[PDB]
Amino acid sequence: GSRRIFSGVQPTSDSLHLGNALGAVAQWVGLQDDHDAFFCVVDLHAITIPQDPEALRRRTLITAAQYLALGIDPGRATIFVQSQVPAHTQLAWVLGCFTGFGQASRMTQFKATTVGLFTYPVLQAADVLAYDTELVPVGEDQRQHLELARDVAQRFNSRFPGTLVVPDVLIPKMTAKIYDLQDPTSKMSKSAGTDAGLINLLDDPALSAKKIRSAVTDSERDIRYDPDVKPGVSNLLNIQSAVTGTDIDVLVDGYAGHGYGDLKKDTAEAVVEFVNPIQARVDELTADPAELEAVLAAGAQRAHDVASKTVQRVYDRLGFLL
């Protein structure tokens, strides 16, 4: 329970992309050694959009496998599937009763729609608050969601002091947003349309290298870090720095006198070396699922033990008959 953290990714495709891996999971890996961590595959969130059932099940497992292959350690952290812990939807109903309609209407994605698309930020708040979470490591695109979660927790604690932990949001600087390679002002997302700007962890590594070589850059022939003036170039530097461990300024210094072909070739090569061991791990975890299944089953038990107590505390404060 020391420095408890919570985070999750939707099983909405066959592969995470660099945004997920560098903007979220890489932070998780650094945090798990000294933080008590719950890492969730949020399959309940996935069905806000129609999902093919066979694919949804398959992608749930492969999202968890990508956690292990990115270095999440089941001996140090808990990995579980959202839908296996009923407390999430129980708390979501309670929190929705403390969430203003206008609050939810102002959320960016909503602001065709279903109730699920309207209320998922409330389920997201429940996902975090159910585990007495102290810190939430996400990318920048989640900031507005977790401000709602903090507001609703404080509004609830107003009525019922000390019931819910109010979580701090932990959003990195450099990898807060990995951008699409074909449109470097737009964040890398699973729905860019064409995925030529999208780098998937489990895609054929030469296809990813090819996409990096075609990355949009500028006209200045000057490798320097300036995301607002030089989006493409700064993104590439961000990617290379993130997958290598080399600081951006050390890279920019080494790139003095170099052109953009050298920047793309080096980033392509670094990414290829990044994803090759990931793909080998995921392949084995898919071919031999017993290991992954035991991890998720232990995770669910642990998650349930924690989450159910939070729900019973909340229910007791509200005055429900227990």
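So that there is no doubt, residue numbering starts at 1 and follows the sequence shown. Rigid core (definition): largest C-alpha set, two forms, superposition within 1.5 Å.
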Relative to the presented form, and with the rigid core used for superposition, do the C-alpha atoms of 215 to 223 or of 175 to 183 deviate more in 5 other deposited structures of this protein? 175 to 183
Taking the other compared PDB entries with both flanking residues modelled, is residue 155 unmodelled in at least a third? no
Thinking of the other compared PDB entries, is residue 80 one of those residues unmodelled in at least a third of them? no
Missing residues, deposited sequence, between residue 106 and residue 107 (class: none, 1 to 3, 4 to 9, 10 or more): none
Averaged over C-alpha atoms, is the B-factor higher for 188 to 196 or for 160 to 168 in this PDB entry? 188 to 196
Of 147 to 155 and 221 to 229, the stretch whose C-alpha atoms average the higher B-factor in the entry: 221 to 229
Residue, from 121, 245, 116, 100, that the PDB entry assigns the highest Cα B-factor: 245
Just the C-alpha B-factor column, please: which of 34, 54, 284, 262 has the biggest number? 262
Lowest, middle or highest third: where is residue 40 by C-alpha B factor in its chain? lowest
Which third, lowest, middle or highest, does the CA B-factor of residue 132 fall in along this chain? lowest
So, residue 138's CA B-factor, relative to its chain, sits in which third? The middle
Can you tell me whether residue 234 has a C-alpha B-factor in the lowest, middle or highest third compared with the other modelled residues of the same chain? highest
By the entry's values, the third containing the CA B factor of residue 258 is the highest
